[PDB]
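So the structure is just underneath, and the comments pick up after that.
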Amino acid sequence: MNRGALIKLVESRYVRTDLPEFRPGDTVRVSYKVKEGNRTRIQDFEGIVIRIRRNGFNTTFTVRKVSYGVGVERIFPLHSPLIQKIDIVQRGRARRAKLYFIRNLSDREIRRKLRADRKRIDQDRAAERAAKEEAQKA
Amino acid sequence: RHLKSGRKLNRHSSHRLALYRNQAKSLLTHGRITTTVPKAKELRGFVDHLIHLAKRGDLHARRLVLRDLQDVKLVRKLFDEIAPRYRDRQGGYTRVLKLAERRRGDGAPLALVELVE
Amino acid sequence: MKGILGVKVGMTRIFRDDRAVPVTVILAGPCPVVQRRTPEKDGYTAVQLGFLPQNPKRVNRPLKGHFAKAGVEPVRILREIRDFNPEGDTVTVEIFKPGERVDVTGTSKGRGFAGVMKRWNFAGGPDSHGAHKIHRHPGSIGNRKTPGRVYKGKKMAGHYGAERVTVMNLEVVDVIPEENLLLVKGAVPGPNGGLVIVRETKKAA
Amino acid sequence: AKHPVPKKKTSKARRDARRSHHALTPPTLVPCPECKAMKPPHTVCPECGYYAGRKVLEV
Amino acid sequence: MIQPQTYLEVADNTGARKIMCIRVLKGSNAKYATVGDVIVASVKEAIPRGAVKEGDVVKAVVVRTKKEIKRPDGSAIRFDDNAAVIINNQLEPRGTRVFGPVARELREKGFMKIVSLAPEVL
RNA sequence: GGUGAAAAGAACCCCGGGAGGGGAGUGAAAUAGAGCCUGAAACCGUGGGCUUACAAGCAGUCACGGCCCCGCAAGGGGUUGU
RNA sequence: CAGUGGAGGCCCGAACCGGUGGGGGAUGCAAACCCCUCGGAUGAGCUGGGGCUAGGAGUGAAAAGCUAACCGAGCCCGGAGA
RNA sequence: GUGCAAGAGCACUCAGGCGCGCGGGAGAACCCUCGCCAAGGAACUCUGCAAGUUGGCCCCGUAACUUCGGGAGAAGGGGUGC
RNA sequence: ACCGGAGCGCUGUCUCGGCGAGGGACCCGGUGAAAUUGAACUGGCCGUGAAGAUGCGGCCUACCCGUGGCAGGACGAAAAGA
RNA sequence: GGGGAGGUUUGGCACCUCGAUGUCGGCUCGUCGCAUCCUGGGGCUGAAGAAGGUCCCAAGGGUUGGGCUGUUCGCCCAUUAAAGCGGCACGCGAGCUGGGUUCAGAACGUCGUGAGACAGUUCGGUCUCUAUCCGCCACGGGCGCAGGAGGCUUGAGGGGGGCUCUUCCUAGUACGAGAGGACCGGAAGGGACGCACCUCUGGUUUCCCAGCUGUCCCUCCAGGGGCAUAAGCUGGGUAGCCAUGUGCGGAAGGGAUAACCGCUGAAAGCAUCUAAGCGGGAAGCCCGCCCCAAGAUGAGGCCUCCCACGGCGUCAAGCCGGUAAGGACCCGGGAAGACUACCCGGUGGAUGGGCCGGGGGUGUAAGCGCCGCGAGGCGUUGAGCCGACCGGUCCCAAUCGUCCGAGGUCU
């Protein structure tokens with residue numbers, strides 16, 4: 001009855017691995033929702049991301065995403081009702097895994113400080129229709 | 001609620017390092033060394049880790065041993081006799097053990113470290 | 001009017017329903033029946049349950065290995081659940097499907113000597129202005145020359161922590177009888193690695 | 001020489017009670033393996049030793 | 001966590017920019033307001049050429065906290081500030097043109113005209 | 001301010017780093033051992049006798065009782081459970 | 001008007017002289033100290049050295065302040081065992 | 001000596017010179033001194049006491065009033081590395 | 001650096017506190033004091049009495065000694081009432 | 001117009017304390033009263049209903065936050081179920097404050113020729129670290145428990161705890177011209193409070209990682225090094241600790257009752273809650289929940305484990321040197337902790353240091369190639385380093401051993 005971690009990870013039935021790769025660069029598109037008096041809705045929440053607090057199980061992120069007047073920072077949990085959630089434009093060069101400082105002063109200097117990683121795109125294009133080769137053999 | 005994390009103490013960061021690093025320094029310098037019991041225990045932990053890193057000889061690990069100690073001389077002695085002997089004795093290379101009396105003149109439990117190959 | 005032993009495992013948040021749940025899980029453990037208690041011979045109604053079997057040489061003496069049914073000893077003794085009487089078996093979890101709130105009785109983490117500030121929650125004073133002298137002192141006690149004394153059980157500068165605590169009423173989220181897990185709404189006293197028992201609660205009639 | 005001030009002479013008996021808790025406690029001992037000496041428990045007697053053979057240097 | 005004495009703006013065509021908060025309107029010592037909550041308020045300044053003059057003690061339905069309130073969906077969401085909309089003593093929006101995002105927590109307080117006007121329900 | 005009639009004021013050995021003791025030896029006396037005549041009172045303490053761990057008190061007094069020691073007996077002493 | 005020159009119980013500010021506000025200190029480091037902040041900082045400035053004025057007397061950009069750690073009249077000494 | 005607009009300022013440090021005449025552990029409250037903090041910003045309080053932000057230098061830029069000297073560093077922003 | 005009122009920025013002054021660091025406090029070895037002290041075998045309650053009780057009555061409570069810690073009282077010590 | 005109650009007002013007396021009883025307000029901790037501020041039970045009504053009015057009963061719980069004044073008080077502000085009154089050396093300075101007050105300075109008015117003065121006023125004004133006894137919060141040691149040792153325990157007797165609001169539905173019906181707007185029962189959400197924990201939320205983490213200037217040092221360069229606090233500055237942060245966070249507690253229900261309302265029923269052919277007889281009926285009362293707890297000297301009960309003089313006491317109680325179950329010392333540490341105690345591990349051993357894996361943090365390092373004169377950039381790469389969390393490991397520290405221990409009153 002040792003290995004307590006193992007136990008607490010055995011009750012982790014939820015195996016959300018069907019989510020793409022995301023890092024303190026950006027995320028972009030979509031999430032889930034509730035709204036209606038009885039469930040039913042899907043609202044699309046994009047934006048530029050922020051924090052990644054990790055527990056493997058609980059682990060959640062938070063996204064900046066800015067609106068009309070001012071912005072909002074939204075903390076999303078990595079493991080169930082978020083449905084597909086799947087990102088769009090990744091980018092990054094997260095020169096630091098802590099995007100608090102943008103919550104302060106950031107407007108045009110948002111972009112000026114948030115760089116991009118073509119690298120990742122190249123990777124996505126690799127895994128793209130090389131998965132067409134798995135639609136052939138191995 | 002505290003000491004839930006634990007750590008042998010007294011002094012301060014500056015002197016924590018200073019005492020660890022220098023007692024380690026003067027440790028490998030001579031090989032077998034007398035001191036106080038607690039200082040002894042945590043010291044031997046520290047320099048033990050240092051020697052497991054010494055098991056390799058790659059630049060990075062070496063300078064990093066010099067982050068703690070000093071003489072590249074002492075790092076030659078490190079990586080030329082000692083560190084290559086425990087080549088197949090890994091984890092735990094310190095024999096610190098108690099001693100009779102206590103350091104009279106203040107009443108304090110004694111201990112002593114060894115090479116341990 | 002029911003019960004079973006256990007030990008503190010996790011505290012997490014299982015996304016049950018569509019609501020997150022702070023969830024204490026408790027390894028209830030296969031706690032075997034042994035020396036029973038009747039009110040004709042003892043004076044009440046309880047059952048003895050040893051926790052986890054780890055006992056050989058280092059046990060020694062009597063054993064309710066004697067009893068009539070053995071099992072040697074756990075590794076950390078046995079306890080008595082009042083109002084209890086099974087049916088001649090060993091027990092772990094199955095006796096509780098979800099939907100059955102239960103009180104959870106466990107030891108509590110220890111805070112050694114507790115300052116009155118972090119015990120009965122006091123002010124201490126001002127963060128300047130007056131004197132830095134008191135600042136975090138329990139203020140004053142009773143009146144002058146009458147009372148003439150201090151109050152027996154007055155909230156004071158003393159100990160807090162190493163205590164027995166019974167918590168009350170928590171939804172048993174689910175039961176894992178394939179192993180030994182009993183997951184309920186998160187709370188539970190003590191460290192993530194200390195003994196804790198389960199007992200059926202009192203609500204309706 | 002301030003606020004708290006002993007109001008009366010404490011009794012020699014009282015003295016001897018507060019003292020009744022002191023008592024210069026005795027230590028304990030064990031005999032040295034393969035020699036005749038008394039070292040403290042779990043120690044390495046100066047001249048004597050454990051199973052290894054270290055120190056031994058008393059003239 | 002809007003507590004008595006807190007400055008905050010409000011997003012309306014109403015013509016009132018920044019109000020202070022008097023007595024959170026709940027428990028007889030509640031003193032802590034979040035989304036959906038209602039504060040008594042004291043207008044410290046506003047848009048002149050109109051109504052809701054500077055000084056008016058007003059009712060206010062809070063729509064934005066800077067310390068994200070929890071969510072049963074596991075998640076949580078905040079804004080960049082602290083804000084409300086000026087409601088009257090009948091409890092109702094004295095504006096007609098709200099500005100920016102507010103929280104669906106408001107629907108758990110069910111003030112639909114505040115929702116139907118919100119151009120970013122979260 | 002007082003060792004002793006007298007310096008005879010302690011050679012030798014012993015433990016001991018010395019400090020100081022412990023046999024010897026000095027004298028009537030070392031209970032005169034060196035700021036030592038005669039050393040009282042508080043004052044700290046070594047051992048012995050009596051009693052004390054369900055009890056509320058100016059600390060004693062009256063009586064009963066037990067426990068310990070002289071007394072031929074019968075009586076006396078010290079202590080303290082009520 | 002432009003340069004120049006470089007006036008000042010001028011300004012910011014070390015040394016140095018002050019001693020505001022909070023804090024510590026309170027049988028103290030200490031019979032006034034220390035810690036953070038402080039006002040002046042070429043002047044009616046600060047100071048070394050040698051000299052002078054004193055007890056109803058001095059000195060005083062003045063408080064009854066200082067005159068040797070207690071000054072509405074020092075200090076010791078005497079009358080004086082008021 | 002280097003560095004900072006300059007400086008007997010400040011940081012490190014030359015030469016020189018100490019480690020402060022109890023130390024060893026533990027790592028409780030309350031204390032001393034010190035740092036950081038959500039959302040709120042004087043709601044604290046006799047009082048913004050206290051601490052805080054602001055801070056160097058260059059440039060841009062400055063109101064009522066006035067004895068025309070001042071007010072002025074008024075106030076409000078920009079820059080600073082290599 | 002003098003005494004009111006206001007505002008702006010800023011902030012553990014506050015809501016309302018949470019954590020951390022060191023130096024004490026705690027244990028071990030060496031050194032080791034003060035004011036105070038009628039004697040102590042020193043409990044609450046309700047009464048009493050030179051009107052404010054451990055001690056006097058009445059009742060109830062209380063196994064014998066400490067250590068860390070808290071200041072109601074012992075009309076607490078200090079100052080032969082300013 | 002009368003008679004009382006209480007001892008918080010203004011006061012009469014001058015008994016304790018002048019070889020000293022620190023006189024106002026604020027703070028923190030409270031508590032006791034009930035003449036009740038709110039909540040709960042209700043009678044009377046000029047009580048239709050809602051709301052109110054007064055009087056009974058009843059402390060269990062609760063009794064907010066700001067402006068102005070040193071202020072107690074009091075007016076206002078927004079709230080409130082409600083913002084009670086009173087005592088306790090006008091509670092509380094060997095707990096804080098030191099705003100008020102009456103030290104020495106100075107002033108305005110003011111009286112006084114005056115020195116000075118004023119139940120006038122303005123400004124400034126040193127509040128002492130060591131708890132000896134009772135007391136009070138916690139932690140042990142001594143003996144006890146009329147065999148000995150380990151584990152499990154009954155609850156004698158305590159301590160905590162108790163609260164309250166809002167809409168929805170019954171139903172726009174009962175009441176009522178209308179406006180208004182219900183009782184009876186049920187559904188749901190909130191505030192303050194207590195309780196335990198860290199998963200999420202968020203703060204802390206004193207060396208876990210990254211960045212940065214001056215400087216001196218190795219060793220020239222990259223690379224690192226210490227001072228810049230008791231981390232030199234910043235950007236981050238796991239465990240642990242934490243409220244802002246999380247889950248719960250009050251309850252439900254049982255028993256006699258308070259005020260009050262009912263039945264039968266005489267005394268007294270009638271009537272009457274009463275005299276014997278019943279029933280209903282409070283947030284109160286005893287509970288039921290939470291916790292301490294056999295030093296409950298009354299020292300309880302349950303379960304197992306243990307050998308009979310061993311050599312003295314010859315009778316009647318014991319004495320003594322070693323054993324049996326056990327227990328101890330020391331050790332290894334600890335979500336246990338001032339110390340002590342408490343717990344677990346002690347070579348038959350995963351307790352701790354180290355090593356290896358997971359998780360976590362930081363976020364691509366030292367070096368090497370390539371372009372750029374270069375600052376650096378590009379690759380090397382989600383790399384390096386790894387504090388606590390999770391485990392696997394005898395690698396090294398828990399060796400060896402010592403000591404205590406029933407030898408089983410009596411009727």
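Each chain in the structure tokens gets a letter, A, B, ..., in the order shown, and its residues are numbered from 1; ligands are numbered from 1 in order too.
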
Excluding residue 7 in chain D and any residue of its chain fewer than 3 positions from it, enumerate the residues within 8 Å of it, using only C-alpha atoms (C1' of nucleotides), and give them as a PyMOL selection string.
-> (chain I and resi 36-37+77) or (chain J and resi 132-133)

I'd like a table as JSON lines: residues in chain D with an atom no more than 12 Å from chain G, each row giving the shortest atom pair and its distance in Å to one decimal, only C-alpha atoms (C1' of nucleotides) counted, sorted by chain and rising residue number.
```
{"residue": "D:1", "atom": "CA", "partner": "G:27", "partner_atom": "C1'", "distance": 5.1}
{"residue": "D:2", "atom": "CA", "partner": "G:27", "partner_atom": "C1'", "distance": 7.5}
{"residue": "D:3", "atom": "CA", "partner": "G:27", "partner_atom": "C1'", "distance": 11.3}
```

Would you pick out the contacts of range 40-42 of chain D at 12 Å or less, using only C-alpha atoms (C1' of nucleotides), so that residues sharing its chain but fewer than 3 positions from it are not included, and give the list as number ranges by chain? B: 97-102, 109, 111; D: 27-33, 37, 45-46, 48-50; J: 329-332, 346, 397-402

List the spatial neighbours of range 4-18 of chain H as a PyMOL selection string - criterion: any atom at most 10 Å away, only C-alpha atoms (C1' of nucleotides), same-chain residues fewer than 6 positions off excluded. (chain G and resi 13-15) or (chain H and resi 56-58) or (chain J and resi 214-216+227-228+232)

Print the selection's residues with N, CA, C and O atoms (P, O5', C5', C4', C3', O3' and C1' of nucleotides) to a file, as a PDB file, in the first residue's frame.
```
ATOM      1  P     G G  13      20.126  68.416   1.127  1.00  0.00           P
ATOM      2  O5'   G G  13      21.651  68.002   0.940  1.00  0.00           O
ATOM      3  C5'   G G  13      22.039  66.925   0.101  1.00  0.00           C
ATOM      4  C4'   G G  13      23.541  66.824   0.027  1.00  0.00           C
ATOM      5  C3'   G G  13      24.244  66.608   1.358  1.00  0.00           C
ATOM      6  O3'   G G  13      24.247  65.239   1.742  1.00  0.00           O
ATOM      7  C1'   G G  13      25.343  68.327   0.134  1.00  0.00           C
ATOM      8  P     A G  14      24.661  64.800   3.232  1.00  0.00           P
ATOM      9  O5'   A G  14      26.209  64.424   3.097  1.00  0.00           O
ATOM     10  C5'   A G  14      27.117  64.640   4.172  1.00  0.00           C
ATOM     11  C4'   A G  14      28.540  64.278   3.804  1.00  0.00           C
ATOM     12  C3'   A G  14      29.540  64.330   4.947  1.00  0.00           C
ATOM     13  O3'   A G  14      29.516  63.156   5.736  1.00  0.00           O
ATOM     14  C1'   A G  14      30.447  65.422   3.045  1.00  0.00           C
ATOM     15  P     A G  15      29.625  63.275   7.327  1.00  0.00           P
ATOM     16  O5'   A G  15      31.045  63.939   7.555  1.00  0.00           O
ATOM     17  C5'   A G  15      32.232  63.246   7.211  1.00  0.00           C
ATOM     18  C4'   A G  15      33.413  64.151   7.381  1.00  0.00           C
ATOM     19  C3'   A G  15      33.477  64.839   8.736  1.00  0.00           C
ATOM     20  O3'   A G  15      34.128  64.048   9.719  1.00  0.00           O
ATOM     21  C1'   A G  15      33.693  66.449   7.019  1.00  0.00           C
TER      22        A G  15
ATOM     23  P     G H  56      17.085  63.055  -7.842  1.00  0.00           P
ATOM     24  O5'   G H  56      18.485  62.580  -8.451  1.00  0.00           O
ATOM     25  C5'   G H  56      19.656  62.543  -7.640  1.00  0.00           C
ATOM     26  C4'   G H  56      20.876  62.027  -8.379  1.00  0.00           C
ATOM     27  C3'   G H  56      21.279  62.786  -9.638  1.00  0.00           C
ATOM     28  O3'   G H  56      22.088  63.911  -9.332  1.00  0.00           O
ATOM     29  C1'   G H  56      21.316  60.437 -10.046  1.00  0.00           C
ATOM     30  P     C H  57      21.687  65.382  -9.831  1.00  0.00           P
ATOM     31  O5'   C H  57      21.995  65.338 -11.384  1.00  0.00           O
ATOM     32  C5'   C H  57      23.335  65.263 -11.834  1.00  0.00           C
ATOM     33  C4'   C H  57      23.387  64.867 -13.275  1.00  0.00           C
ATOM     34  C3'   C H  57      22.534  65.716 -14.203  1.00  0.00           C
ATOM     35  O3'   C H  57      23.207  66.891 -14.629  1.00  0.00           O
ATOM     36  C1'   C H  57      22.130  63.418 -14.609  1.00  0.00           C
ATOM     37  P     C H  58      22.383  68.186 -15.094  1.00  0.00           P
ATOM     38  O5'   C H  58      22.030  67.889 -16.616  1.00  0.00           O
ATOM     39  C5'   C H  58      23.050  67.605 -17.559  1.00  0.00           C
ATOM     40  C4'   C H  58      22.465  67.107 -18.854  1.00  0.00           C
ATOM     41  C3'   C H  58      21.199  67.810 -19.311  1.00  0.00           C
ATOM     42  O3'   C H  58      21.458  69.053 -19.934  1.00  0.00           O
ATOM     43  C1'   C H  58      20.916  65.468 -19.506  1.00  0.00           C
TER      44        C H  58
ATOM     45  P     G J 214      29.370  46.527 -15.162  1.00  0.00           P
ATOM     46  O5'   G J 214      29.840  47.146 -13.781  1.00  0.00           O
ATOM     47  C5'   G J 214      29.752  48.540 -13.564  1.00  0.00           C
ATOM     48  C4'   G J 214      30.055  48.868 -12.135  1.00  0.00           C
ATOM     49  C3'   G J 214      31.336  48.266 -11.586  1.00  0.00           C
ATOM     50  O3'   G J 214      32.501  48.983 -11.965  1.00  0.00           O
ATOM     51  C1'   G J 214      29.594  47.851 -10.083  1.00  0.00           C
ATOM     52  P     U J 215      33.782  48.231 -12.589  1.00  0.00           P
ATOM     53  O5'   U J 215      34.461  47.551 -11.321  1.00  0.00           O
ATOM     54  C5'   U J 215      34.679  48.296 -10.132  1.00  0.00           C
ATOM     55  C4'   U J 215      34.708  47.403  -8.918  1.00  0.00           C
ATOM     56  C3'   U J 215      35.800  46.348  -8.899  1.00  0.00           C
ATOM     57  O3'   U J 215      37.044  46.871  -8.463  1.00  0.00           O
ATOM     58  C1'   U J 215      33.731  45.398  -8.208  1.00  0.00           C
ATOM     59  P     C J 216      38.365  46.705  -9.366  1.00  0.00           P
ATOM     60  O5'   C J 216      39.042  45.373  -8.822  1.00  0.00           O
ATOM     61  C5'   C J 216      39.849  45.393  -7.656  1.00  0.00           C
ATOM     62  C4'   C J 216      39.534  44.221  -6.772  1.00  0.00           C
ATOM     63  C3'   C J 216      40.084  42.871  -7.212  1.00  0.00           C
ATOM     64  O3'   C J 216      41.442  42.654  -6.856  1.00  0.00           O
ATOM     65  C1'   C J 216      37.802  42.647  -6.716  1.00  0.00           C
ATOM     66  P     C J 227      29.218  36.827  -0.284  1.00  0.00           P
ATOM     67  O5'   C J 227      29.962  38.218  -0.410  1.00  0.00           O
ATOM     68  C5'   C J 227      30.764  38.696   0.653  1.00  0.00           C
ATOM     69  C4'   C J 227      30.918  40.178   0.530  1.00  0.00           C
ATOM     70  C3'   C J 227      29.604  40.932   0.401  1.00  0.00           C
ATOM     71  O3'   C J 227      29.101  41.298   1.674  1.00  0.00           O
ATOM     72  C1'   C J 227      31.085  41.578  -1.338  1.00  0.00           C
ATOM     73  P     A J 228      27.529  41.490   1.916  1.00  0.00           P
ATOM     74  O5'   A J 228      27.095  42.580   0.831  1.00  0.00           O
ATOM     75  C5'   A J 228      27.353  43.961   1.051  1.00  0.00           C
ATOM     76  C4'   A J 228      27.130  44.810  -0.184  1.00  0.00           C
ATOM     77  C3'   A J 228      25.697  44.966  -0.675  1.00  0.00           C
ATOM     78  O3'   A J 228      24.984  45.935   0.076  1.00  0.00           O
ATOM     79  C1'   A J 228      27.214  44.715  -2.512  1.00  0.00           C
ATOM     80  P     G J 232      24.411  38.929   0.233  1.00  0.00           P
ATOM     81  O5'   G J 232      24.289  40.286  -0.601  1.00  0.00           O
ATOM     82  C5'   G J 232      23.046  40.980  -0.698  1.00  0.00           C
ATOM     83  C4'   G J 232      23.105  42.140  -1.664  1.00  0.00           C
ATOM     84  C3'   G J 232      21.919  42.315  -2.598  1.00  0.00           C
ATOM     85  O3'   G J 232      20.761  42.853  -1.980  1.00  0.00           O
ATOM     86  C1'   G J 232      23.891  42.582  -3.829  1.00  0.00           C
TER      87        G J 232
END
```

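With only C-alpha atoms (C1' of nucleotides) taken into account, the protein and nucleic acid residues at most 10 Å from residue 20 in chain B (excluding it and anything under 2 positions from it in its own chain) are residues 15, 16, 17, 18, 22, 23, 24, 25, 39, 40, 42, 43, 44, 45, 46, 47, 68 and 69 of chain B.
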
Residues of chain H within 12 Å of chain E, using only C-alpha atoms (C1' of nucleotides), as a PDB file with N, CA, C and O atoms (P, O5', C5', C4', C3', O3' and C1' of nucleotides), in the first residue's frame?
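Saved to part_31.pdb:
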```pdb
ATOM      1  P     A H  38      -0.359  42.525  -3.136  1.00  0.00           P
ATOM      2  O5'   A H  38      -1.335  41.351  -3.596  1.00  0.00           O
ATOM      3  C5'   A H  38      -1.117  40.655  -4.822  1.00  0.00           C
ATOM      4  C4'   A H  38      -2.154  39.580  -5.034  1.00  0.00           C
ATOM      5  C3'   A H  38      -3.567  40.089  -5.290  1.00  0.00           C
ATOM      6  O3'   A H  38      -3.800  40.318  -6.666  1.00  0.00           O
ATOM      7  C1'   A H  38      -3.608  38.453  -3.571  1.00  0.00           C
ATOM      8  P     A H  39      -3.890  41.809  -7.239  1.00  0.00           P
ATOM      9  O5'   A H  39      -5.340  42.293  -6.798  1.00  0.00           O
ATOM     10  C5'   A H  39      -6.491  41.810  -7.472  1.00  0.00           C
ATOM     11  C4'   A H  39      -7.755  42.075  -6.691  1.00  0.00           C
ATOM     12  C3'   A H  39      -7.905  43.457  -6.072  1.00  0.00           C
ATOM     13  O3'   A H  39      -8.324  44.450  -6.988  1.00  0.00           O
ATOM     14  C1'   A H  39      -8.433  41.844  -4.457  1.00  0.00           C
ATOM     15  P     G H  40      -7.823  45.966  -6.810  1.00  0.00           P
ATOM     16  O5'   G H  40      -8.298  46.372  -5.345  1.00  0.00           O
ATOM     17  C5'   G H  40      -9.655  46.693  -5.090  1.00  0.00           C
ATOM     18  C4'   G H  40      -9.842  47.209  -3.691  1.00  0.00           C
ATOM     19  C3'   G H  40      -9.069  48.463  -3.337  1.00  0.00           C
ATOM     20  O3'   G H  40      -9.720  49.638  -3.776  1.00  0.00           O
ATOM     21  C1'   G H  40      -8.944  46.882  -1.569  1.00  0.00           C
ATOM     22  P     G H  41      -8.872  50.837  -4.428  1.00  0.00           P
ATOM     23  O5'   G H  41      -8.187  51.577  -3.188  1.00  0.00           O
ATOM     24  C5'   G H  41      -8.929  51.972  -2.039  1.00  0.00           C
ATOM     25  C4'   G H  41      -8.017  52.421  -0.921  1.00  0.00           C
ATOM     26  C3'   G H  41      -7.227  53.692  -1.198  1.00  0.00           C
ATOM     27  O3'   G H  41      -7.041  54.406   0.024  1.00  0.00           O
ATOM     28  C1'   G H  41      -5.727  51.882  -0.861  1.00  0.00           C
ATOM     29  P     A H  42      -8.127  55.486   0.517  1.00  0.00           P
ATOM     30  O5'   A H  42      -7.801  55.685   2.055  1.00  0.00           O
ATOM     31  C5'   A H  42      -8.363  54.813   3.024  1.00  0.00           C
ATOM     32  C4'   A H  42      -8.011  55.251   4.417  1.00  0.00           C
ATOM     33  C3'   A H  42      -7.791  56.749   4.574  1.00  0.00           C
ATOM     34  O3'   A H  42      -8.149  57.119   5.910  1.00  0.00           O
ATOM     35  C1'   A H  42      -5.810  55.622   5.125  1.00  0.00           C
ATOM     36  P     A H  43      -9.700  57.249   6.324  1.00  0.00           P
ATOM     37  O5'   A H  43     -10.235  55.747   6.366  1.00  0.00           O
ATOM     38  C5'   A H  43     -11.622  55.490   6.533  1.00  0.00           C
ATOM     39  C4'   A H  43     -11.961  54.017   6.483  1.00  0.00           C
ATOM     40  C3'   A H  43     -11.279  53.099   7.488  1.00  0.00           C
ATOM     41  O3'   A H  43     -11.864  53.171   8.787  1.00  0.00           O
ATOM     42  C1'   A H  43     -11.480  52.047   5.340  1.00  0.00           C
TER      43        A H  43
END
```

Compile a residue-level contact table for chain H against chain C at a cut-off of 12 Å, reporting for every qualifying residue the shortest atom pair and its distance in Å to one decimal, with only C-alpha atoms (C1' of nucleotides) counted, rows ordered by chain and ascending number, as a tab-separated table.
```
residue	atom	partner	partner_atom	distance
H:28	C1'	C:113	CA	5.5
H:29	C1'	C:115	CA	4.7
H:30	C1'	C:137	CA	7.1
H:31	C1'	C:133	CA	7.6
H:32	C1'	C:132	CA	9.7
H:44	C1'	C:126	CA	8.4
H:45	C1'	C:129	CA	8.0
H:46	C1'	C:129	CA	10.6
H:47	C1'	C:129	CA	9.9
H:48	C1'	C:129	CA	11.3
H:49	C1'	C:129	CA	5.7
H:50	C1'	C:128	CA	6.0
H:51	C1'	C:128	CA	9.3
```

inquiry  = Would you pick out the contacts of residue 73 in chain G at 10 Å or less, using only C-alpha atoms (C1' of nucleotides), so that residues sharing its chain but fewer than 3 positions from it are not included, and give the list as a PyMOL selection string?
reply    = chain G and resi 55-57

Those residues with N, CA and C atoms (P, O5', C5', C4', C3', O3' and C1' of nucleotides), as a PDB file, in the first residue's frame please?
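again02.pdb was written with the following content:
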```pdb
ATOM      1  P     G G  55      32.076  85.486  44.517  1.00  0.00           P
ATOM      2  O5'   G G  55      30.604  85.003  44.851  1.00  0.00           O
ATOM      3  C5'   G G  55      30.308  84.389  46.089  1.00  0.00           C
ATOM      4  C4'   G G  55      28.882  83.933  46.105  1.00  0.00           C
ATOM      5  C3'   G G  55      28.535  82.961  47.220  1.00  0.00           C
ATOM      6  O3'   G G  55      27.198  83.201  47.636  1.00  0.00           O
ATOM      7  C1'   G G  55      28.096  81.957  45.134  1.00  0.00           C
ATOM      8  P     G G  56      26.892  84.469  48.566  1.00  0.00           P
ATOM      9  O5'   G G  56      26.839  85.691  47.538  1.00  0.00           O
ATOM     10  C5'   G G  56      26.340  86.966  47.931  1.00  0.00           C
ATOM     11  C4'   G G  56      25.657  87.687  46.794  1.00  0.00           C
ATOM     12  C3'   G G  56      24.769  88.837  47.233  1.00  0.00           C
ATOM     13  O3'   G G  56      24.682  89.798  46.183  1.00  0.00           O
ATOM     14  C1'   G G  56      23.429  87.106  46.319  1.00  0.00           C
ATOM     15  P     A G  57      25.780  90.969  46.082  1.00  0.00           P
ATOM     16  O5'   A G  57      26.886  90.370  45.102  1.00  0.00           O
ATOM     17  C5'   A G  57      26.522  89.719  43.892  1.00  0.00           C
ATOM     18  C4'   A G  57      27.702  89.017  43.264  1.00  0.00           C
ATOM     19  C3'   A G  57      27.531  88.560  41.822  1.00  0.00           C
ATOM     20  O3'   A G  57      27.697  89.603  40.867  1.00  0.00           O
ATOM     21  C1'   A G  57      28.465  86.804  43.087  1.00  0.00           C
TER      22        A G  57
END
```

Using only C-alpha atoms (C1' of nucleotides), which residues sit within 12 Å of residue 58 in chain J once same-chain residues fewer than 5 positions away are excluded, as a list in words? residues 34, 36, 39, 40, 41, 42, 258, 259, 282, 283, 284 and 285 of chain J

Ranking J:172, J:12, J:301, J:140 by minimum distance to residue 342 in chain J and counting only C-alpha atoms (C1' of nucleotides), which one comes first?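 Using only C-alpha atoms (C1' of nucleotides), the shortest distance to residue 342 in chain J belongs to J:140.
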
**Item:** Check: which chain I residues lie within 8 Å of chain B using only C-alpha atoms (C1' of nucleotides), as a VMD selection string
**Value:** chain I and resid 22 28 to 30
